[PDB]
């Protein structure tokens, strides 16, 4: 009721000292407290931990928490108990007499929370014992580890699928900081969360302004940006190679801005040197690769595209941990993107991994190539949905020049619907062009009314119109990289909504060498 909500608040105040719920917490709490399942996505420091702790206390019985991290579980228990919350940890390095003092406290219903290493949890009899205990809920922390594409991975987290089969009646909560569009499908498979609500909260950072542009002579381009907009300011400037980092630094010092290289082949010495000369003093600039601390950074500059949307989110987020406005500045070139693809084409990685890695690359480029608000594109990749344009990005503020492909979009959307939402971008494009592949013949797709219906255009165009549909969320990729129309597809199909491309991409043509 509202009498549940009131109840939770009096807990929020009296225990964690927090005044009010951040982002979607209060929904999650009331969702789980009432018996519901949940997927929770929040960035690090976002406030996950009490998403499960608060329901544990509101429901009769004990919240059961699983995380791979033992040392942090020990600390999270301690702090909980000093704050007046009855918590315990159980793992197999406890003396057997301790493991029983805790096991019996569970069964008597004496614990608000019990933190359990997956090692112990997965053991039947830890399983069986739980069925005899007054359990309020399960919380699978670091929930992403269930996924091979998951940031981290463990055999043991795949096995937590047991929780849903052995305890279907009881609420299950998964929380992870880092999830792409599907590592998430795996979380949802494994833990049987596919019908549960999904919550994302803290990903946005409203005080950072995002800008992307192409590269012609980037050093001057950067130098000019610092210059006008951040002369006495601290900033990070990111490059792929160790080589670029040191040129960029030598060069920036040659123009007498105070700049320093930072990277793994700096002797220890110099690393700590650069570190506090950057932290202590204001208006100093670090040139880093992928590598730490700083409160007030004004600008992050990317002289290269990162290898993922994740990396880019991380590095730009180093700006502005003051609520005070900051800018993220990036310049890329298609030249580069082509190199990344061939360097990943010639690799020795498995074909399953190349498809996924090229996936991340497309998402990254398409993010660059946005004809619509950049903050929506960025946030969508992590599952956050921003209703309206931010007014804080380079697309919002200085709208680029766009071409209207809304009718082409409809052809693409309808092609994939009518083909049963399972087929991939290369394949679909074969359809709208009219190409009869020996793989197009296998599905009889050539006999459909949507075949060659897009013949007016070429491959490069459909592939990009495809990329955009995915990126804006009009398309979703199921497997194995095959594409679904979404609930959002209707916007383009009822219309009222358009699919734009940057006039920037298209250009008078043809390319030449």
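Residue numbers count along the first chain shown, from 1.
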As recorded in the PDB entry, how many deposited residues are without coordinates between residue 95 and residue 96: none, 1 to 3, 4 to 9, or 10 or more? none
Taking the mean of the C-alpha B-factors per stretch from the entry, tell me the winner out of 85 to 93 and 267 to 275. 267 to 275
Pick between 402 to 410 and 277 to 285: the one whose mean CA B-factor in the entry is higher. 277 to 285
Identity of residue with top Cα B-factor, from 116, 236, 377, 441: 441
Of the residues 75, 112, 103, 310, the one whose Cα carries the largest B-factor in the deposited record is 75
Among the modelled residues of its chain, the C-alpha B-factor of residue 394 falls in the third labelled lowest
In terms of its chain's C-alpha B-factors, the third that includes residue 501 is the lowest
By the entry's values, the third containing the CA B factor of residue 262 is the middle
Quick tally, chain-level thirds of C-alpha B-factors: residue 48 sits in the middle
By the record's CA B-factor, is residue 232 among the lowest, middle or highest third of residues in the chain? highest
